Each structure stands twice: as structure tokens, then as C-alpha cells.
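Enquirer: Please find one structure pasted underneath; my questions will follow.
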RNA sequence: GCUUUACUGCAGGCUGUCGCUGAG
RNA sequence: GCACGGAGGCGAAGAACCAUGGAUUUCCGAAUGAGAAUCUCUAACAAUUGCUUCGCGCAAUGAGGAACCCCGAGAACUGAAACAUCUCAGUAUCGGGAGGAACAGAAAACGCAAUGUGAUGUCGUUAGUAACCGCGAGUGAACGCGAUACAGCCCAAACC
Ligand SMILES: [Cl-]
Ligand SMILES: [Cl-]
Ligand SMILES: [K+]
Ligand SMILES: [Mg+2]
Ligand SMILES: [Mg+2]
Ligand SMILES: [Mg+2]
Ligand SMILES: [Mg+2]
Ligand SMILES: [Mg+2]
Ligand SMILES: [Mg+2]
Ligand SMILES: [Mg+2]
Ligand SMILES: [Mg+2]
Ligand SMILES: [Mg+2]
Ligand SMILES: [Mg+2]
Ligand code: NA
Ligand code: NA
Ligand code: NA
Ligand code: NA
Ligand code: NA
Ligand code: NA
Ligand code: NA
Ligand code: NA
Ligand code: NA
Ligand code: NA
Ligand code: NA
Ligand code: NA
């Protein structure tokens with residue numbers, strides 16, 4: 001497919017939201033990313 | 001048009017307006033259809049002018065027949081703004097009544113005659 | 001911090017602009033040092049640089065430039 | 001108002017371009033054209049920009065590969081920052 | 001041809017997409033109309049009383 | 001003595017006789033060639049207009065609207081219906097043509113508000129009404145002690161809420177006693193039974 | 001759901017009449 | 001900040017924090033220069049209107065809102081132990097629109113008929129009364145009264 005500049009921005013954001021809760025955040029909160037999205041098992045919008 | 005049953009020659013209309021102008025300065029004139037209607041009804045009208053470019057025509061339809069059953073003479077003018085200017089207004093006028101002419105009672109009286117003859 | 005509001009108002013319209021472009025540069029170089037994984041950082045400033053820039057722009061607006 | 005240049009894009013590949021092709025790499029505002037990038041870059045580092053290549057990245061930012069003239073030395077321009 | 005699984009293979013057509021006005025993946029790119037907010041059809045926002053129980 | 005206006009009124013008591021009859025026969029020819037809403041410089045029935053609030057002043061507007069004659073232009077049922085609800089031909093709208101006319105005019109002038117309206121006749125297939133609209137934002141009106149009331153916010157879209165003279169009569173609010181049990185204060189608060 | 005000379009109605013078609021609509 | 005890490009920083013130049021007012025406030029969005037799945041293309045109140053210096057010069061409308069409110073369109077399941085009028089119900093749902101509340105409102109009223117009452121909402125009652133109805137099932141007011149709150153005016157025309 002041919003993605004537009006805006007679609008590309010959205011996909012970029014989704015990839016970024018796909019990172020893990022940083023280690024230090026665990027220590028800072030004395031103790032999960034519920035928005036984890038696999039490319040195969042999940043489906044993005046549009 | 002529907003209330004106009006005879007055509008007034010250009011020259012006659014000029015004499016009429018002219019007379020009207022000397023009437024506002026020397027005698028008395030009523031400007032406006034409501035004030036004119038009352039002249040004819042009160043009998044104080046000597047010569048009434050009625051424009052022919054009045055829209056709606058309803059505003060002046062009654063002048064003719066009313067003038068007839070009151071003896072009052074009437075003359076048609078083509079331009080509404082000419083009658084108003086002649087009467088001394090900055091705006092136009094659908095009808096005017098020379099309420100007792102002035103230094104024109106002669107030309108006036110004759111204009112009434114020319115029209116009566118114009119049938 | 002190192003740059004107070006009084007000091008910004010005691011500047012001439014031209015000094016704020018000169019000071020403004022100066023802070024932007026410090027900022028840009030801090031980001032470059034950061035982009036290069038450079039550790040000689042001091043987090044408190046790259047944050048102060050932003051606020052200082054905001055103050056100056058706020059004052060330039062209040063004064064009419 | 002947004003600024004043209006955001007920061008130098010420094011990665012292994014950017015180094016090779018700098019050391020072997022006299023090019024500098026930046027993260028610029030995605031609303032910036034090659035021309036705006038060329039100008040902004042010259043005015044900030046006092047150099048002569050010969051060519052600019054751009055790319056809208058999968059990071060959501062724009063990347064510009066700016067080649068400098070033989071008169072300028074990328075290696076040096078980048079070392080002062 | 002089976003109307004089930006075998007007919008699922010030809011589905012590579014893009015219709016509903018992220019809507020510019022409401023953010024939902026309901027902007028039908030073929031019709032240029034959002035099935036969720038009405039964008040492209042109505043200046044007013046799409047909404048109906050049957051979207052909730054009658055007395056609520 | 002009789003006002004000049006009284007003559008316009010008297011002529012319109014019988015639009016099918018005298019000079020008026022001929023004017024109409026002439027006018028309608030041009031009207032039938034005009035659009036749905038035509039702004040006119042002067043009211044066809046000056047007496048009626050002034051009587052309803054018209055003033056030769058800035059911000060006062062008049063427009064003639066034509067609307068088809070007859071019952072509801074209704075589509076037949078496309079699902080189950082008991083005999084009582086299967087009609088099409090004899091069903092008529094509860095809003096009179098004059099009111100339809102007022103709304104079509106107001107929509108044409110989104111910034112103006114309807115003051116009142118009156119009939120100017122009809123031919124075999126349509127009726128004409130002239131609507132008087134007012135510019136609530138013009139200072140010549142905001143300073144008129146007789147019309148400024150129409151400038152208040154609660155008067156916005158008055159025609160669409162039945163606050164018009166034709167609206168109120170058509171709502172059954174004419175009578176103050178017997179017969180208005182289901183109309184006053186509103187049709188809706190009375191459960192929609194008038 | 002379907003049918004018809006089942007019951008009752010509703011579109012639609014035909015036809016008279018009134019309005020548009022006037023002169024001899 | 002939630003958020004208790006690491007590093008670093010700010011605060012007696014009175015920070016944090018709270019109140020009020022101000023600044024900033026990307027893009028799409030009624031979305032308004034034009035086009036577009038939030039981007040793009042070469043000055044913009046697009047569109048409809050009022051005024052008009054007839055020039056977008058001065059203005060209006062658009063869309064939102066928990067429900068309430070006003071004006072239009074308007075079912076069926078159901079009840080009648082079937083069903084057609086009736087009933088469910090002017091309900092559900094749909095179209096248009098206002099406000100902080102709407103709407104109504106100073107009698108061509110009432111009609112305890114009077115030597116009487118005196119704008120309008122609403123609450124209590126009048127009363128399941130009068131009235132409607134395959135006179136079946138069902139449906140269903142008002143005047144008055146006791147309260148709440150109270151407020152009365154402007155045009156058109158005559159004559160100028
Ligand atoms: Cl209105
Ligand atoms: Cl009483
Ligand atoms: K039924
Ligand atoms: Mg990655
Ligand atoms: Mg490219
Ligand atoms: Mg199938
Ligand atoms: Mg109420
Ligand atoms: Mg646009
Ligand atoms: Mg039953
Ligand atoms: Mg029975
Ligand atoms: Mg009922
Ligand atoms: Mg009663
Ligand atoms: Mg007065
Ligand atoms: Na996938
Ligand atoms: Na970056
Ligand atoms: Na309007
Ligand atoms: Na009724
Ligand atoms: Na069946
Ligand atoms: Na803000
Ligand atoms: Na505007
Ligand atoms: Na203009
Ligand atoms: Na039953
Ligand atoms: Na049954
Ligand atoms: Na019945
Ligand atoms: Na009593």
C-alpha cells in the first residue's frame with residue numbers, strides 16, 4: 001500500500017506506544033503495558 | 001396603468017409641475033398620498049397630482065374615482081421623483097394636492113381645463 | 001533561576017532578542033550534546049533554558065517588544 | 001513559532017556520512033523544505049550547504065542529510081557541539 | 001464456492017478509516033462519510049435517541 | 001376622515017372584484033415566474049403591513065413567498081399499518097400554509113427574524129404571502145421603542161418555535177376560555193392533544 | 001411468506017363536479 | 001503531578017501550593033480561500049443574509065450542551081383474553097429551533113346566572129365528576145375553590 005504523511009505519523013506513534021514501561025518507573029512506583037500491540041495478533045486502525 | 005385612463009402629453013405635464021412649484025412657494029400644497037386623500041375628502045383640494053410609476057398601484061388606485069365624485073380635478077405625472085421634487089421634497093411622492101394654488105390660480109385653473117378636455 | 005524577571009525587564013527590547021537568540025543556542029547545543037548520548041549533562045538547565053525563553057517571550061509581549 | 005533545526009542526528013551511519021562524504025545529518029521540523037533546511041543550517045553554523053536530502057521518518061520526525069562544500073569540513077562543524 | 005472461509009480471502013479493500021473529525025475508524029474512504037460522527041454528510045454531529053434506553 | 005390606507009384595505013376585502021382583480025391577474029403572471037422567496041422593496045398591502053408592525057425604516061424587510069396549495073405531500077406506508085393509519089390522500093399537515101411561508105422566508109434570511117405576515121392571494125395551485133422580517137442587529141431597530149423588543153435573545157428563531165402571530169393562532173391559543181384546555185400554555189405540555 | 005369472486009381498508013387508473021377561469 | 005528510581009535542579013531575589021486576572025494556545029474540527037481519512041495547494045467572513053461609504057467596509061447566521069423547553073413528522077408489539085373503530089399513544093423514534101429556564105399572559109374571558117369573578121403559569125382539590133366509547137374494553141376535562149407568585153403595558157388609525 002501507499003501511506004500518506006499523516007498515516008505515517010500515526011503508525012510511528014503506534015510503534016512508539018508499543019514500548020515497555022521503563023525499569024525506573026517500577027522502582028519509582030514500587031510496582032504492565034496494557035496497550036501492547038503485536039503486528040500479527042493485533043490490528044491497527046484506518 | 002390600471003388607474004390611468006388617459007395620457008398626459010409631455011408639455012402639459014411640465015406646465016403642471018411648474019404650477020405645482022409656484023404653489024408650494026405662493027400657495028399651499030399637500031405632499032403624500034394620505035394627506036392628498038384627505039384634501040379630496042375635505043374638499044380643500046383644487047388640483048391633485050398622481051404619479052404613474054407607483055408600485056404597488058394599490059396606494060393610488062382610489063384617487064381617480066374619489067376625485068371624480070368630489071369634483072376635484074386630477075392630473076397624471078410619469079415620474080414619482082419629479083412630483084416629489086416639484087412638491088419640494090428630497091424624496092419622491094406618489095400623489096400631491098395643490099391646496100389653494102398661489103400666483104398660479106390662473107395657469108392652474110387652465111391646466112384643469114386642458115385635462116377635462118383631454119377627457 | 002540564574003535569570004530573573006527583573007533582569008529581563010531591565011533589558012532593552014534589543015537585549016531581550018539578543019538574550020533570546022542566545023538562550024536558544026545554548027538549548028540547541030544541549031540537545032545536540034544529548035542527541036550524542038553525551039553525559040556531561042545537568043538536566044536542571046536544559047529545563048531552565050526553556051523557562052527562561054518563555055519568560056523573555058512573555059515580557060517581550062507585555063512590554064510591546 | 002517553530003524552529004527549523006531540532007538537533008543533530010548522530011548515529012553510526014551519520015558518522016560515515018560526515019567522515020566520508022562531508023555531510024551533516026539533522027532532525028528538522030517536518031514542515032521544513034529542503035531550502036529552509038539549507039538556509040537554517042548555513043546561518044547556524046556559518047557554512048556553505050551544497051545539497052539537502054530529506055526523509056519523513058518512522059519516528060514521526062523529518063531527517064535531513066546536508067552535504068557541505070569542499071570549503072567546509074563536516075567533521076569540524078560537528079565537533080564544536 | 002463456500003460463502004465462509006474461502007470467501008474471506010478477497011478482503012483486501014480499504015473502506016472505513018480514521019476520521020479527521022471524530023478520531024474513530026469510521027470514515028468510509030469510498031463514500032467520504034463517517035458512519036460514526038456523520039462527517040461528510042452532516043455539519044451537525046451524528047446522534048440518535050435510540051443509542052440509549054428510552055427513559056435515559 | 002378616511003385614511004388613504006383604508007382604501008387599500010377595502011380593495012383587498014374583495015380581491016376578485018374591481019381594479020384589484022385586474023392587478024392580480026396581471027401580477028401573478030410575473031409572480032409565477034419568480035422564485036420561492038422574493039425580497040420586495042414595498043409591501044403589496046401597505047395598510048396590512050403597517051397594521052402588523054411594518055415601518056419604512058432601515059432593517060425592516062419584506063419578502064413574498066409562494067407555497068403549493070393542498071394537503072400533505074405524503075408517502076404511503078412501507079410496513080405494517082392498521083387501516084386507520086394507511087391513509088395518504090386525505091391527510092393534511094397541522095401547520096397552515098402561511099406558516100410554511102414564514103419559515104421558508106426566515107431560512108432565506110438567517111440573520112433576520114419574522115415579525116408577521118399576510119396573504120396576497122393565490123392562483124389554482126399555489127398561495128402567496130408577504131412576510132415582514134426585522135434585522136435585530138441594526139441600530140435603527142435596536143433604538144426603536146416599538147420594535148426593539150424583537151432584538152432580545154429569547155426572540156431568536158421565533159418563527160420556528162411558533163411565536164409568530166400565525167404560529168399562535170394555528171396553535172389554538174386564540175381563545176382564552178372554553179376550547180383552550182389543551183392548547184395553553186403549550187401544545188407539548190398538554191401532551192400534544194390539540 | 002403466499003393466494004383468492006374471505007372480511008375490511010389503502011395506493012393507482014377511469015369519469016362527473018368546483019377552483020385556476022376569461023370574451024361573444 | 002499520579003509515581004516512593006537514578007542523576008540533577010528550584011526555593012529567604014519567598015519556591016511549592018490556592019484564588020483571581022493576563023500571556024502563550026500546533027493540526028483537524030460549525031470549519032469559512034480551495035482541496036484532503038488530522039495533510040496539501042495559490043490571499044480569502046465559504047455559503048445565505050441586513051446595512052451599505054455598493055469595498056466583505058460594518059454586522060448576523062452555522063456548531064455544542066445532562067436533561068429540561070417550544071414547534072413540526074409520527075409507529076408497532078400490546079390491551080380488548082380473536083379483531084377492524086377503540087387501546088398501547090400523540091408514546092418510541094425522526095425533522096427544526098430557544099433559554100438559563102422555556103412556553104403562556106392583561107379577556108371578542110368566566111357563566112357557583114350574579115347586585116358575582118377579573119392577565120398567565122404551577123401546586124392541592126374539584127373528580128375518575130361532566131363528556132367520549134364495537135355505549136365493549138377502555139378514555140377523561142373544565143368553571144370554581146384553597147394556595148404560590150403577582151404587573152401591567154406598546155402599536156395600527158383618527159388628528160398633526
Ligand atoms: Cl424568525
Ligand atoms: Cl366566579
Ligand atoms: K393495533
Ligand atoms: Mg523499535
Ligand atoms: Mg523523497
Ligand atoms: Mg450469505
Ligand atoms: Mg409549562
Ligand atoms: Mg478548509
Ligand atoms: Mg387482543
Ligand atoms: Mg369484546
Ligand atoms: Mg387518549
Ligand atoms: Mg368552564
Ligand atoms: Mg408612540
Ligand atoms: Na495486522
Ligand atoms: Na528527535
Ligand atoms: Na431567519
Ligand atoms: Na384537539
Ligand atoms: Na413464512
Ligand atoms: Na489555554
Ligand atoms: Na462571519
Ligand atoms: Na461587502
Ligand atoms: Na388476548
Ligand atoms: Na392473534
Ligand atoms: Na370506539
Ligand atoms: Na363558592
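Enquirer: Contact order normalised by length for chain C, with contacts defined as Cα pairs under 8 Å and 6 or more residues apart; what percent is it?
Expert: Working: 31 pairs, mean separation 29.2, N = 65.
RCO, chain C: 45 percent.
Enquirer: Once the Cβ-Cβ distance between residue F:190 and residue E:28 is put in as r, and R0 is 45 Å, what FRET efficiency do you end up with, to the nearest 0.05?
Expert: Numbers: r = 44 Å, r/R0 = 0.97.
E between residue F:190 and residue E:28, to the nearest 0.05, is 0.55.
Enquirer: Using the per-residue mean of other Cβ atoms lying within 10 Å as a proxy for protection, in what order, highest first, do the peptides F:186-194, B:60-68, A:11-19 fall?
Expert: Working: F:186-194: 11.6, B:60-68: 19.4, A:11-19: 13.2.
Top to bottom by mean Cβ count within 10 Å: B:60-68, A:11-19, F:186-194.
Enquirer: Can you compute the modelled spin-label distance between residue A:46 and residue F:146, with each label point 7 Å from Cα toward Cβ, in nm?
Expert: Here the answer is 6.4 nm between the modelled labels.
Enquirer: Rounded to the nearest 10 degrees, what's the angle between the helix F:97-108 long axis and the longest principal axis of chain F, both from Cα atoms, 0 to 90?
Expert: Helix F:97-108 and the main axis of chain F meet at about 70 degrees.
Enquirer: Something else about it: Using only atoms on other chains, find how many Cβ atoms lie within 10 Å of each Cβ of peptide B:58-68 and report the average. Working shown, then result.
Expert: Values: counts 16, 9, 3, 7, 8, 2, 1, 3, 3, 0, 0.
Across the residues of B:58-68, the mean count of other-chain Cβ atoms within 10 Å is 5.
Enquirer: Sort A:34-44, E:39-49 by the packing proxy (mean of other Cβ within 10 Å over each peptide's residues), most packed first. Present the calculation step by step, with values, prior to reporting the outcome.
Expert: Numbers: A:34-44: 9.0, E:39-49: 11.3.
In decreasing order of mean packing, A:34-44, E:39-49 become E:39-49, A:34-44.
Enquirer: Just rank C:33, F:120, fewest to most, by other beta-carbon atoms within 10 angstrom.
Expert: Numbers: C:33 17, F:120 24.
So the ranking, lowest neighbour count to highest, is C:33, F:120.
Enquirer: Roughly how far apart, in whole Å, are the Cα centres of chain A and the stretch F:10-46?
Expert: One Cα centre to the other: 72 Å.
Enquirer: Could you check the spin-label model distance between residue F:125 and residue B:110? Points 7 Å from the Cα along Cα→Cβ, value in nm.
Expert: The modelled label-to-label distance comes out at 5.9 nm.
Enquirer: Separate question: Using Cα atoms only, what is the angle between the long axis of helix D:12-21 and the major principal axis of chain D, expressed in degrees (0 to 90) to the nearest 10?
Expert: 50 degrees
Enquirer: Convex hull volume of the Cα atoms in the protein assembly as shown, per residue, in Å³?
Expert: On the way: hull volume 228.9 nm³, N = 561.
Measuring per residue, one finds 408 Å³ for the Cα hull of the protein assembly as shown.
Enquirer: Select from D:44, D:21, D:55 the residue whose mean-square fluctuation is largest in a Gaussian network model of chain D (Cα-Cα springs shorter than 10 Å).
Expert: Of D:44, D:21, D:55, the most mobile in the Gaussian network model is D:44.
Enquirer: What do you get when you divide the Cα radius of gyration of chain B by 2.2 N^0.38 Å, with N the number of residues?
Expert: Details: Rg = 12.4 Å, N = 119, 2.2 N^0.38 = 13.5 Å.
Normalised Rg, Cα atoms only: 0.92.
Enquirer: Also: Pairing the Cα long axis of helix F:18-31 with the longest principal axis of chain F, what angle in degrees results, from 0 to 90 and rounded to the nearest 10?
Expert: 70 degrees
Enquirer: Could you please rank F:130, B:69, placing first whichever residue has the fewest other Cβ atoms within 10 Å of its Cβ? Can you show the working numbers first?
Expert: Numbers: F:130 23, B:69 8.
Least crowded to most crowded, the residues run B:69, F:130.
Enquirer: If you average the alpha carbon positions of the stretch B:32-56 and of the stretch E:25-45, how far apart do those two centres end up, in angstrom?
Expert: After rounding, the separation between the Cα centres reads 64 Å.
Enquirer: Sticking with this structure for a sec: In whole Å, what is the distance between the alpha-carbon centres of the stretch D:19-72 and the stretch F:52-113?
Expert: Distance between centres, Cα-based: 66 Å.
Enquirer: Using Cα-Cα distances under 8 Å and only pairs 6 or more residues apart, what relative contact order does the stretch F:61-158 have, in percent?
Expert: Relative contact order comes out at 32 percent.
Enquirer: Fewest first, what order do B:36, D:57, D:11 take by the number of other Cβ atoms within 10 Å? Spell out each step's value before the answer.
Expert: Numbers: B:36 30, D:57 15, D:11 12.
Starting with the residue having the fewest Cβ neighbours, the order is D:11, D:57, B:36.
Enquirer: Taking the simple approach of a point 7 Å from Cα along Cα-to-Cβ for both residue B:70 and residue D:42, what is their distance in nm?
Expert: 9.0 nm
Enquirer: Let me ask another. How high is the relative contact order of chain F, given as a whole-number percent (alpha carbon pairs under 8 Å, six or more residues apart)? Please report the intermediate quantities before stating the final value.
Expert: Details: 253 pairs, mean separation 36.0, N = 194.
Dividing the mean separation by the residue count of chain F yields 19 percent.
A short reminder: the numbers here are calculations on the coordinates, not readings from a lab. With ideal geometry, Cβ positions are generated from the backbone for all residues, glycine too; neighbour counts draw on all protein chains shown.
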